[PDB]
Amino acid sequence: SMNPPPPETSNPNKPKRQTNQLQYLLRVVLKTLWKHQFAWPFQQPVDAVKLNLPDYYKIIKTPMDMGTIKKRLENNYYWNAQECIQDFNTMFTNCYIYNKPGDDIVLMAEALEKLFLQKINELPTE
Ligand SMILES: CN1Cc2cc(S(=O)(=O)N3CCOCC3)ccc2N(C)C1=O
């Protein structure tokens, strides 16, 4: 079995910015979600080999996780907050698509998403 390469976290041709919203996404949103009790399954790319989920990357073609998001924020990969917010939403949606409703992992993602949305409705301006 084989995992795909992780999503891109470095690209010298991609334009970058450090905005107040992106700083907030790292300092408040990511920081808070990362230390949540249910963060651990989302702190790295889904390891389909280790978890014995050989169909995962057949079903999920746009993988995302908070480890990748953390790298993107810390290494100034983004041009804007929308890109980052989309990464969070992709992470949640992938989880809901792949896993059965009411699976533990889904309940965990839902708890993180609830927190995420509370933090996001208080972003600074752009
Ligand atoms: C986000 N994850 C990570 C993951 C983790 C695991 S897990 O680590 O076995 N696990 C199951 C119970 O909930 C806690 C996490 C199983 C499947 C996945 N897949 C399919 C994902 O969607």
Side-chain angles (χ1 to χ4, degrees), residues 1-26 28-99 101-126:
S1 307
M2 302 170 63
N3 293 310
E8 194 175 82
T9 57
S10 173
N11 185 345
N13 285 308
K14 186 182 186 297
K16 322 294 204 298
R17 283 193 309 180
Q18 286 163 318
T19 70
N20 62 331
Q21 288 203 354
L22 281 162
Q23 290 169 34
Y24 178 93
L25 281 160
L26 180 53
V28 172
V29 181
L30 181 75
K31 266 29 152 44
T32 299
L33 267 70
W34 190 268
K35 72 189 183 199
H36 193 274
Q37 186 190 156
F38 295 155
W40 63 268
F42 304 95
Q43 287 174 338
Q44 57 287 310
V46 171
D47 188 334
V49 177
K50 187 182 288 190
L51 296 169
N52 189 26
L53 297 176
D55 69 343
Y56 182 82
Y57 289 111
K58 307 298 175 184
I59 295 166
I60 298 305
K61 296 311 214 188
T62 310
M64 190 50 54
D65 65 278
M66 291 202 295
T68 297
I69 292 168
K70 183 166 183 284
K71 284 180 183 183
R72 286 181 169 191
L73 286 167
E74 288 181 345
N75 292 74
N76 293 132
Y77 179 83
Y78 295 116
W79 181 261
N80 64 40
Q82 181 189 166
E83 286 181 288
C84 180
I85 292 165
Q86 182 56 245
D87 284 347
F88 276 101
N89 286 320
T90 295
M91 178 182 76
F92 298 129
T93 297
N94 289 346
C95 185
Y96 306 142
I97 288 170
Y98 184 79
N99 300 283
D103 274 347
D104 284 347
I105 191 58
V106 170
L107 294 177
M108 292 176 81
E110 288 172 340
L112 296 178
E113 191 181 12
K114 186 182 173 185
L115 195 175
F116 176 73
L117 287 172
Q118 174 54 230
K119 300 300 191 188
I120 286 290
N121 75 14
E122 284 163 311
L123 270 165
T125 311
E126 156 68 322

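One-based numbering, in listed order, for ligands and for the atoms of each. All residue numbers refer to positions in the sequence shown, counting from 1.
- Residue-level proximity to ligand 1 for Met108 is carried by the side chain, the only part with a heavy atom below 4.0 angstrom.
- Remark: minimum distance from atom 2 (N) of ligand 1 to any protein heavy atom is reached at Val46 CG2, 3.7 Å.
- Side chains of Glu8 and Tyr77: a donor-acceptor N/O pair is present below 3.5 angstrom, by distance only.
- Note: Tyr96 and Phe92 have parallel aromatic rings, judged against thresholds of 30 and 60 degrees for the angle between ring planes.
- By the 4.5 Å heavy-atom criterion applied to side chains, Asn3 and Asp47 are counted as neighbours.
- In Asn99, the part holding a heavy atom less than 4.0 Å from any atom of ligand 1 is the side chain.
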Given the rule in the side-chain contact (heavy atoms from CB on, under 4.5 Å) test, do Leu26 and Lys31 qualify, once you have shown the distances and angles that lead to the verdict? CA-CA 6 Å; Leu26 180 53; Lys31 266 29 152 44; 3.9 Å; yes
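- Remark: distances from the non-hydrogen atoms of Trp40 to ligand 1 include one below 4.0 Å.
- Atom 3 (C) of ligand 1 has as its closest protein heavy atom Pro41 O, 3.7 Å.
- Listed by number with element, the atoms of ligand 1 under 4.0 Å from a non-hydrogen atom of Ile105 are 2 (N), 13 (O), 15 (C).
- Within the 4.0 Å heavy-atom criterion, the part of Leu53 lying near ligand 1 is the side chain and not the backbone.
- Applying the 4.0 Å criterion to heavy atoms of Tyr98 picks out, from ligand 1, the atoms 20 (C).
- Here's the thing with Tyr56: none of its N/O atoms is less than 3.5 angstrom from an N/O atom of ligand 1.
- Close approach to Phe42 involves these atoms of ligand 1, each under 4.0 Å from a residue heavy atom: 1 (C).
- Distance remark: protein heavy atom not present below 4.0 angstrom from atom 11 (C) of ligand 1.
- Linking ILVMFWY side-chain heavy atoms closer than 4.5 Å, directly or via other members, places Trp34 and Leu117 in a single hydrophobic cluster.
- Of the heavy atoms in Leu51, only side-chain atoms (C-beta onward) come closer than 4.0 Å to ligand 1.
- The CD atom of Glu113 sits 6.5 Å away from the CG atom of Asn89 when rounded to the nearest 0.5 Å.
- Around NZ of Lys114, the count of heavy atoms belonging to other residues, nucleotides or ligands within 6.0 Å does not exceed 12.
- Cluster annotation: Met2 and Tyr56 are assigned to distinct hydrophobic clusters (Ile/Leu/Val/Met/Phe/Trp/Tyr, side-chain heavy-atom contacts under 4.5 Å, transitive).
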